[PDB]
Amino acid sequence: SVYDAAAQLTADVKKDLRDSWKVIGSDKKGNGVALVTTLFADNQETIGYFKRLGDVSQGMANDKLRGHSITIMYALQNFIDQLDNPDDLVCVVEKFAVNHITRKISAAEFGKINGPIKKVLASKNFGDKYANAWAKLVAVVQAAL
């Protein structure tokens, strides 16, 4: 299932993922917070899963939110690093899904992260071509949920 989704990660898709990550991943705190705060702004209902973070309206200034935002970027770093080995990509993706499954986050719910990613990419001038590539990586994770 996850292997089949990983199959959509073609040579060109992986190339665009790596090229865009070279920029997005160069500021994990800034872009990580941008992703998270954008998710909450565009889909307020997702805040229901983050009661532990406290006052999320504080954004970057909220230590817990900042800690979470920086940390999510290392999961993405992990994924990008394993792109050339399907066997490793699949095992770290299934490992990553464990806690999200326990939190009862469905594939559909997880997919809401696509909008924020598209917006963050656009802020760095990466068009639809790149957004589509990232949607395919997100789809690999969705296959594990």
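A residue's number is simply how far along the shown sequence it sits, counting from 1.
Asks: Take the C-alpha B-factors listed in the entry for 5-13 and for 131-139, compute each mean, and give the stretch with the larger one.
Replies: It is 5-13.
Asks: Looking only at CA atoms, which has the higher mean B factor in the entry: 73-81 or 48-56?
Replies: So the stretch with the higher mean C-alpha B-factor is 48-56.
Asks: Of the options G67, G30, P86, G111, which has the highest CA B factor as deposited?
Replies: Reading the PDB entry, the winner on C-alpha B-factor is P86.
Asks: If you rank the chain by CA B-factor, which third does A107 end up in: lowest, middle or highest?
Replies: Answer is highest: the recorded C-alpha B-factor places it there.
Asks: C-alpha B factor of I101, ranked within the chain: lowest, middle or highest third?
Replies: Within its chain, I101 is a highest-third residue by C-alpha B-factor, going by the deposited values.
Asks: What third of its chain, lowest, middle or highest, does the C-alpha temperature factor of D63 fall into?
Replies: Answer is lowest: the recorded C-alpha B-factor places it there.
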